[PDB]
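Here's the structure, in structure tokens; my notes come after.
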Protein chains: 10
Amino acid sequence: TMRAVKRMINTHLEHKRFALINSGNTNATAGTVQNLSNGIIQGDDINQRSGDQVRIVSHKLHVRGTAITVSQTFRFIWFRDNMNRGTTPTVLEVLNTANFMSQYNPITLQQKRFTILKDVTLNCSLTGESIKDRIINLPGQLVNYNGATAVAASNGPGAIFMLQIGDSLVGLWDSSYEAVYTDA
Amino acid sequence: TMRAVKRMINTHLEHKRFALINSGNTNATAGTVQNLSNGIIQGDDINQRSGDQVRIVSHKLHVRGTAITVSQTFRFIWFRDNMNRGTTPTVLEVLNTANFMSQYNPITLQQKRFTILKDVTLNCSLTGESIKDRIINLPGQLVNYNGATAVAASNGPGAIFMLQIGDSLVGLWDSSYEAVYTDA
Amino acid sequence: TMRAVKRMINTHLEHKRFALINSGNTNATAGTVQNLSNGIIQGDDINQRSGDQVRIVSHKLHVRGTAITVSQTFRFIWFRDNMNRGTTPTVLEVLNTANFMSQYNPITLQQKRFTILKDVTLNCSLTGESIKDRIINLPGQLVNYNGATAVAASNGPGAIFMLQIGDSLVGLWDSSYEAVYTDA
Amino acid sequence: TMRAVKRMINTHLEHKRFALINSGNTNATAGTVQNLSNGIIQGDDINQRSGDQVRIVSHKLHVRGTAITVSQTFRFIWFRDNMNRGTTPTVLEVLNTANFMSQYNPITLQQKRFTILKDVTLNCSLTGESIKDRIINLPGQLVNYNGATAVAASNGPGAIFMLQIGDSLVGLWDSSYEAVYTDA
Amino acid sequence: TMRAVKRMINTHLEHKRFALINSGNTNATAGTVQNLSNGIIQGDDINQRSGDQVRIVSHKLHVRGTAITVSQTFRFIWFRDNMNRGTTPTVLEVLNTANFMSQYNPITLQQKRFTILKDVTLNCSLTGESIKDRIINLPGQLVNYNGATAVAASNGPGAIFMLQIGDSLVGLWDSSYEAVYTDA
Amino acid sequence: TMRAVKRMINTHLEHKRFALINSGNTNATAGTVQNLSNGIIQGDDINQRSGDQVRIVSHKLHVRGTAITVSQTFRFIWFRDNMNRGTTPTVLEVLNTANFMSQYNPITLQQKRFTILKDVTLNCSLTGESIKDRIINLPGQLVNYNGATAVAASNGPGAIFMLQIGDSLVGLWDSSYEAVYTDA
Amino acid sequence: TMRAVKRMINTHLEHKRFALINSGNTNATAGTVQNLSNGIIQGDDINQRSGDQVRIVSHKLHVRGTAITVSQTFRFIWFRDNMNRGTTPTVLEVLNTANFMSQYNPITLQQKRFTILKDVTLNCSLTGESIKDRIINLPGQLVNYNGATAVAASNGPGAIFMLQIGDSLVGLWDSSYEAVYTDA
Amino acid sequence: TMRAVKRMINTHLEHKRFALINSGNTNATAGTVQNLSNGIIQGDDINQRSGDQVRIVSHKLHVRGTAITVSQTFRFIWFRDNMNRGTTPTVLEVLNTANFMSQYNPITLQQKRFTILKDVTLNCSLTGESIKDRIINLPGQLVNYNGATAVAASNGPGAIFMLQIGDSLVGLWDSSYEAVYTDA
Amino acid sequence: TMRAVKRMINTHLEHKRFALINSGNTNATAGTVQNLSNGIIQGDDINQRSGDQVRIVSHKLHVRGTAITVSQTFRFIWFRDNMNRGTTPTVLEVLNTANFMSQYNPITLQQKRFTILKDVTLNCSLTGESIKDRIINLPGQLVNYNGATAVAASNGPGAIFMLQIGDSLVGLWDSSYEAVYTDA
Amino acid sequence: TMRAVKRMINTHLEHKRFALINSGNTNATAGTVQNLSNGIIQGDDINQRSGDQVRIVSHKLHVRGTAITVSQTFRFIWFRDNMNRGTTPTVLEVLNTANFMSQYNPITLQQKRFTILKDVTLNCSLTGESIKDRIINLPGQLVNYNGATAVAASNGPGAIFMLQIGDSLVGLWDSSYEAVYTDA
Ligand SMILES: [Mg+2]
Ligand SMILES: [Mg+2]
Ligand SMILES: [Mg+2]
Ligand SMILES: [Mg+2]
Ligand SMILES: [Mg+2]
Ligand SMILES: [Mg+2]
Ligand SMILES: [Mg+2]
Ligand SMILES: [Mg+2]
Ligand SMILES: [Mg+2]
Ligand SMILES: [Mg+2]
Ligand SMILES: [Mg+2]
Ligand SMILES: [Mg+2]
Ligand SMILES: [Mg+2]
Ligand SMILES: [Mg+2]
């Protein structure tokens with residue numbers, strides 16, 4: 001019976017879509033954290049939200065690494081921040097050490113501060129597959145906001161981030177992100 | 001049980017209303033296509049939409065023709081464009097020939113490009129009922145948009161149009177349109 | 001169960017459509033018989049047939065009379081010829097006498113030579129409703145042909161005709177015809 | 001019981017087949033959209049249609065990319081246009097931006113203007129697998145047409161297209177397409 | 001079971017048809033009674049009877065009045081004489097007074113001398129609908145005869161008549177009558 | 001139970017009988033069509049009809065060919081015309097070509113214009129059985145007429161004909177026909 | 001239930017008919033193979049096909065031999081080629097030796113290359129029945145084609161042929177062939 | 001259940017075929033016995049056997065007699081020798097006397113030495129049917145051999161023979177024989 | 001129960017095996033068709049057949065391509081000819097065009113002339129996996145023959161072939177084939 | 001019911017986490033054994049234990065090899081020491097010989113001295129994938145200790161080790177280890 005409720009309710013709720021592209025970035029040893037869900041700002045457009053809450057029905061992540069000069073490994077971490085208070089998470093909050101071989105931070109994952117959605121490691125070789133890509137599609141959850149604009153202060157619980165970290169600074173990595181959500 | 005769902009859900013969704021008036025237009029031999037649902041633009045007002053989708057619960061069409069100089073026939077076609085891509089439909093896409101006696105286009109109706117809601121023909125005579133009117137009330141369906149403003153490029157699948165065509169160019173026809181819709 | 005067969009089969013058969021217009025004709029005392037289904041000719045187009053048989057799912061007739069000079073009556077007979085052998089039926093085969101008040105021919109209707117679909121009589125007055133129209137929509141049956149082109153010799157059993165007869169020779173009557181058929 | 005209907009009906013309907021080959025084309029940054037189902041024209045031959053509707057039982061897509069000069073990525077999008085009105089779709093209607101990393105257009109996919117059948121990305125490296133191919137076989141649906149010939153104006157709802165877009169202009173990509181359909 | 005008897009028996013009995021036309025008659029104040037079923041005479045033709053009895057399966061009456069000079073009312077009475085003895089009924093036997101506003105004769109209708117099938121009153125105005133018509137189709141009953149020819153002496157119980165009476169002597173009224181009967 | 005109805009009804013209906021003889025006719029290459037049921041004319045005699053309809057309970061055909069000079073083949077076609085309009089059918093309407101080896105006309109038999117009752121081919125040899133005969137007895141159906149006399153214009157749907165065609169013009173063929181029918 | 005499917009489907013499919021005549025041919029010792037189903041060519045006519053497949057509902061074969069000079073035997077073989085690749089079968093593929101007394105080829109019938117429908121042998125004597133004929137009516141099966149025209153290259157699996165072989169070269173044999181098929 | 005065994009086993013066993021022709025032989029008064037099954041010799045070909053046993057699934061006999069000079073009777077006896085020891089049976093072992101009117105030998109048929117499959121007598125007259133033929137198809141049984149080659153010494157139990165005997169020495173008779181057998 | 005039949009019967013039937021090797025062949029642009037099942041000839045050896053039929057229980061295909069000079073693609077088509085008449089199939093009968101990217105021939109596959117068992121495409125790169133191989137194991141069906149020796153004329157329905165076609169003429173491809181069959 | 005116990009108990013027990021990283025080590029021919037679980041020392045911190053027992057709910061192993069100078073194979077053995085007495089296991093206790101191709105020691109695995117969790121072999125080529133990695137996640141068991149500090153003497157039954165051994169001494173391998181355990 002609950003299935004009928006989903007059909008009945010979701011047929012009356014617009015499934016807004018937001019598209020994000022981030023191409024041309026270099027590989028990092030210390031690492032970087034990239035905002036994906038923050039592009040959803042306040043407004044009456046299809047790629048915007050009313051209020052500070054949106055339910056993401058599903059979202060897609062696409063990454064692609066390229067090897068330059070030397071063979072290198074690209075690591076991508078797709079996680080969810082359930083305790084954000086208006087800040088872009090650092091790398092040391094997600095990993096025990098700032099190394100691509102590092103494991104997740106024991107303190108933060110015990111608290112369930114972050115939820116890992118998918119961790120991807122790409123090895124791109126000059127003498128082999130110099131280019132390597134992967135696509136991930138997963139369901140989403142509720143996403144809160146602490147503001148209106150697309151600045152870090154607008155992030156809230158349920159924020160969406162991607163962590164990139166590797167063994168070289170010369171390779172180039174590209175990514176894209178799309179989300180399907182309801183704003184009611 | 002599904003009836004309770006409708007009551008439960010529709011009691012929590014605002015039923016926005018949009019009113020449209022179009023009076024003083026002359027009768028046409030070649031014909032004209034008039035936008036009705038495009039007046040719904042983006043915004044936070046009661047006669048506006050958020051996003052690019054709205055479900056029309058019901059809508060009403062009112063037409064009225066007047067005979068001037070000579071007796072003439074007013075034909076009104078109330079149809080739905082389910083394949084709009086940002087254009088106001090022409091008359092030859094709806095009729096085999098640009099004549100008030102013409103039948104619907106076989107190619108487009110086979111594809112279900114247009115859905116006919118109600119076709120009305122009014123005969124107004126100088127020696128008789130010089131004035132003649134009719135009111136139509138029907139349920140609505142989902143209406144998409146390809147933009148934000150009230151220009152033709154904003155029209156999308158589910159658009160609402162009215163086709164007017166007659167045997168004279170001197171008569172005057174007036175119309176009105178109201179829609180009750182939910183924007184969630 | 002037979003309902004499912006109709007859905008299963010008709011979803012795989014193209015519903016070809018043919019549109020016919022005939023406007024500007026004068027009213028007749030002796031009467032005239034007009035071909036409607038003969039425009040369907042052999043070919044691979046949407047308004048054509050392969051072979052010499054087509055099943056008409058439904059068809060529509062639209063007529064409109066206008067009074068000129070004097071008040072006059074327009075009579076329209078929409079019948080089906082189930083015994084055609086390559087000829088356009090005459091008026092005396094359909095009516096006992098060549099008069100708009102005449103009844104159907106007793107000899108031919110006993111044989112079921114013709115099947116009456118709808119008989120329409122319009123009275124158009126100069127001091128009243130100078131113009132009068134009517135629309136008829138009915139299901140169709142099998143239609144055979146005795147040729148390929150759009151000449152009278154191509155007509156066969158199941159042909160579609162309209163008989164027009166009135167009390168004056170000055171009035172003008174217009175008509176249109178559309179058919180939805182399967183050619184398999 | 002409905003299974004028997006499929007066997008009973010499909011044993012009496014010819015399964016026409018159409019073969020298409022497109023080889024020697026260069027990789028594109030802005031992208032290109034290729035017609036596949038338009039080669040089916042009107043006629044009485046096995047690779048032709050009668051009317052403007054055909055049901056595609058199944059269809060197959062074959063692609064193959066080759067790396068020249070530099071390593072490059074080939075992206076292939078196999079989609080269905082359900083709202084075509086006589087035009088070859090552009091790339092910006094299918095992607096948010098004209099980039100191989102771009103996501104699908106939020107506005108058009110919300111409307112269900114296009115249906116994605118299969119998206120394929122091939123990475124061809126000079127130091128590795130310089131050549132890479134893939135074969136896709138899927139069931140088909142109804143395909144309408146707006147004309148008779150093999151020009152873009154003949155395309156209609158259900159049209160079949162392939163989008164090719166990459167990160168270089170020197171690589172060469174080849175493709176083939178076959179469809180099995182019934183024309184009744 | 002009795003339904004099968006009707007099908008079994010009526011499939012073996014010829015359904016003879018008789019057509020009658022009476023056009024160009026003037027409106028009457030005192031009134032006139034017109035013979036309709038008397039045209040059925042003795043013979044071996046399709047519009048004739050053997051003996052003096054026929055069962056009328058169904059019969060149709062068509063009337064049409066026209067206004068001349070002044071606006072006038074046409075009254076038509078379609079009745080059945082169940083006690084005829086070889087005479088054409090008068091108007092005073094059917095109406096209390098020889099006036100178009102008169103009610104049926106109390107003495108004769110108490111006896112069931114006449115059976116009223118349909119009473120029609122047409123108001124034709126020079127400034128409005130100068131012409132007005134009506135068609136009636138009803139089942140029939142047994143019809144006896146007192147002779148062989150088409151004279152009044154041949155009428156018997158079950159005879160069919162029409163009474164015409166109005167408020168002017170200048171208008172023209174026309175009529176037609178057809179009957180479907182079995183002669184076994 | 002329906003069997004009792006047949007006994008009950010047929011015991012009260014006279015079974016009229018009509019006898020026809022046609023002897024001394026020569027064999028034909030182009031062929032000839034002979035009227036058999038037309039001898040039933042209007043009247044009160046036992047071999048006549050009242051009206052224009054008769055139900056033939058059963059009918060019998062007898063043919064006999066004789067060889068003269070050279071051996072020859074006699075072909076006899078006993079068919080029923082269900083779409084007659086007052087004409088004696090030609091040979092080209094029944095056969096694709098005017099040859100004794102010809103097959104039935106594809107166009108007319110698709111329409112069911114003619115119903116084949118029995119086709120008989122007799123080969124008569126001078127050195128063998130110079131004479132050869134055959135008798136056929138079949139049930140009948142309803143037979144309509146378009147007139148009263150025994151001319152071709154009196155033929156109607158359900159008419160009865162025999163087609164004779166052979167490979168020589170010197171042989172002599174004889175025939176007879178009897179029908180048992182009810183005229184009620 | 002499957003019977004209803006046949007009625008439901010076959011009532012919507014035209015039963016095209018093709019008529020073939022072949023008269024005046026001499027008897028053969030070595031034998032000859034005659035094309036019967038190849039006359040069905042591509043087109044939109046009633047005696048034509050769309051595509052390269054047709055289902056033959058039923059087909060009829062008529063043969064007739066005549067004795068000239070000396071008494072001779074006519075042998076007729078009506079077979080089906082289920083493995084045709086664009087060639088008219090030879091006589092040695094159907095018979096072990098080129099003799100009218102020969103049996104079927106063991107190699108080809110083991111493979112089921114040919115399917116025998118009916119084998120007819122006629123003995124025509126000058127001192128007896130100089131002429132002898134036979135008619136065969138059988139159901140049909142699917143018939144494929146490898147082309148469009150009526151040449152041998154157009155023949156495919158399911159082709160229809162007749163083999164004629166006898167003990168003399170002076171006799172004359174005639175034949176005809178008709179087929180009832182659906183082209184959907 | 002045993003039916004399934006036949007299908008299961010016979011689908012895995014080759015059905016070898018052997019064709020035999022014997023034409024141009026004269027009619028005999030004393031009679032002659034002809035070998036039919038002996039042509040099956042040892043080898044790996046389709047018309048050969050491995051070992052000395054074969055099961056004949058079915059076999060066919062075709063005979064044809066011709067009258068020369070005087071009218072004569074051809075008698076054909078198709079029998080089976082179940083006790084053969086390497087000899088071609090004589091005529092006196094099959095008939096009480098060497099006469100075409102003779103009955104079967106009482107001594108040998110009591111022992112079931114021979115099994116009669118079909119006895120055919122043809123009367124061919126110069127003034128009538130000078131030629132007469134007959135075809136017989138029957139199931140077969142096990143056939144043993146006493147050798148390898150096609151000589152009489154190779155015959156064994158189950159051998160197949162035909163006895164020909166008549167009242168004249170001038171007529172010519174022809175025959176053919178085919179067998180379908182399994183060699184496992 | 002039918003499973004026991006398979007065990008019971010197959011335990012008494014020898015499972016003959018045939019081994020085929022074909023190494024050192026160059027890649028082809030136009031393509032080549034290779035005989036695999038023809039090596040089975042007549043005889044009493046384990047790799048031979050008696051008669052002209054064998055049931056292949058299972059068969060195995062092994063292919064291996066090598067890149068020389070330039071990177072190239074090897075395409076292998078493993079199909080079954082069900083309508084062979086003593087010929088090695090050409091490439092144009094299996095493919096619409098003589099290109100490695102070509103699709104299967106629509107005309108021949110509609111007829112089911114060929115049955116595709118497995119299509120394999122190998123891409124061999126000089127900078128990567130210069131060598132690439134694949135092994136296929138499938139069940140078999142009945143295989144007929146039209147001769148005795150290992151020439152093309154000996155091929156029959158059920159023949160086994162492999163089609164090789166590529167984009168270069170310098171690469172070398174090798175293959176092997178083994179079949180397990182019963183000859184009873 | 002036991003499932004509820006797990007939920008009830010594990011919700012009250014802290015799931016301590018320990019993170020270990022070991023990067024920059026060279027490949028070994030003789031091999032090396034690395035301590036992973038010994039980093040868990042006594043204390044009140046989250047990455048420490050109270051007592052000498054901890055239950056590991058789950059643990060993760062990550063390895064990554066890199067090829068330098070020459071292509072080489074990295075072998076990783078992830079095992080459990082269930083009989084430790086305060087010593088780091090040697091390589092000869094785990095393998096029959098100190099070779100990367102060696103099998104496990106028969107004597108020690110019979111005793112179940114070591115339990116193999118996962119054995120991974122990575123082949124890294126200079127002309128191909130110079131870098132190769134793998135991630136393993138498995139449940140854990142009880143882990144005892146014989147001390148307090150992170151020296152080898154502190155190891156006890158249930159210890160966790162990784163064995164690395166390869167065919168070269170120039171390659172570099174990196175690893176990480178994380179464990180989730182309860183200390184109650
Ligand atoms: Mg919201
Ligand atoms: Mg909305
Ligand atoms: Mg048709
Ligand atoms: Mg490489
Ligand atoms: Mg079609
Ligand atoms: Mg009567
Ligand atoms: Mg009379
Ligand atoms: Mg009658
Ligand atoms: Mg055509
Ligand atoms: Mg077809
Ligand atoms: Mg044997
Ligand atoms: Mg041998
Ligand atoms: Mg065999
Ligand atoms: Mg503890």
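Note that ligands are numbered from 1 as they come in the structure, with each ligand's atoms numbered from 1 the same way. Just so we're on the same page: letters track the sequence lines, and every chain starts at 1.
Distances under 2.8 Å from the Mg ion (ligand 9) pick out the protein N/O/S atoms C:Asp44 OD2, D:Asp44 OD2, G:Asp44 OD2.
The OH atom of F:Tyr145 sits 11.5 Å away from atom CD of C:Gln111, with the distance rounded to the nearest 0.5 Å. The structure places CG of A:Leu142 at 9.0 Å from OG1 of A:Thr182, a figure rounded to the nearest 0.5 Å. In this structure, G:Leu13 CG and D:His12 NE2 are separated by 7.5 Å, a value rounded to the nearest 0.5 Å.
Each of A:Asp81, A:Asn35, A:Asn144 was evaluated against A:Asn155; a single residue qualifies, A:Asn35, per the side-chain hydrogen bond (donor to acceptor under 3.5 Å, both in side chains) test.
No more than 12 heavy atoms of other residues, nucleotides or ligands lie within 6.0 Å of CE in F:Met8, so this atom counts as exposed by the packing criterion. For CE of A:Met83, the number of neighbouring non-hydrogen atoms (other residues, nucleotides, ligands) closer than 6.0 Å is greater than 12.
Note on F:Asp183: its N/O/S atom closest to the Mg ion (ligand 8) is OD1. Residue E:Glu14 approaches the Mg ion (ligand 8) most closely through its N/O/S atom OE1.
For the pair F:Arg49 and F:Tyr181, the cation does not sit on the ring face, since its NZ or CZ is not both under 6.0 Å from the ring centre and inside 45° of the axis.
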